[PDB]
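As structure tokens, one chain now follows by itself in the form deposited in one PDB entry.
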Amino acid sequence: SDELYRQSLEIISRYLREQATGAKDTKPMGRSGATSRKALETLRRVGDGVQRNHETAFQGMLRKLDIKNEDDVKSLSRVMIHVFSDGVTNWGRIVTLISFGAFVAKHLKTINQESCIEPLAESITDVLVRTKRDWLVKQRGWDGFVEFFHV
């Protein structure tokens, strides 16, 4: 029973699969579906923006990770943990994480490997919920996230 992990995995998996397939998973949202939806919109705008402002960096990182199969998607946990846990915990870091997640998912759809898009998301979630939990709790979670990127 980890609501934070549940909603996080929902939003993240939805965004990473939507960024790849190009289609919107119109399936009904779970609990706090309003927050999840708004979070998905925020991630759409801000996330795509980040993917456009850091194309070179994401491309080079993807080239360096060399993700060709599911075992690689399993192994990238350590490096992800190392690079992400820079100690500096800001929402821009999170959005960067999920956006590169989406980039990687796109590549994983380019290569015949949509089968790896779902576990990847989990890994991402598994990091964000473990490394920066108490922080996320203190920032009112996704409710803060949305409220942070309001224009």
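Residue numbers here begin at 1 and follow the sequence given. Note that the rigid core is defined as the largest set of C-alphas that superpose within 1.5 Å between two forms.
Form deposited in another entry: not shown, discussed below.
Visitor: Quick check: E41 between the shown form and the other one - does its CA shift reach 2 Å or more after fitting the rigid core?
Guide: It does not, since the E41 C-alpha is displaced less than 2 Å between the shown form and the other one after the core fit.
Visitor: Answer yes if the Cα of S85 shifts by 2 angstroms or more between the shown form and the other one on a rigid-core superposition, and no otherwise.
Guide: Yes, the C-alpha moves 2 Å or more.
Visitor: Would you tell me if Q113 moves between the shown form and the other one by 2 Å or more at its C-alpha, with the rigid core held superposed?
Guide: For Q113, whose C-alpha is compared between the shown form and the other one after core superposition, the shift is 2 Å or more.
Visitor: Any idea whether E114 and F103 get closer or farther by CA distance in the other form, knowing it moves 3 angstroms or more?
Guide: It is farther: in the other form, the C-alpha atoms of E114 and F103 lie at least 3 Å more apart than they do here.
Visitor: Shorter or longer C-alpha distance for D86 and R17 in the other form, given it differs from this form by 3 Å or more?
Guide: So the answer is farther.
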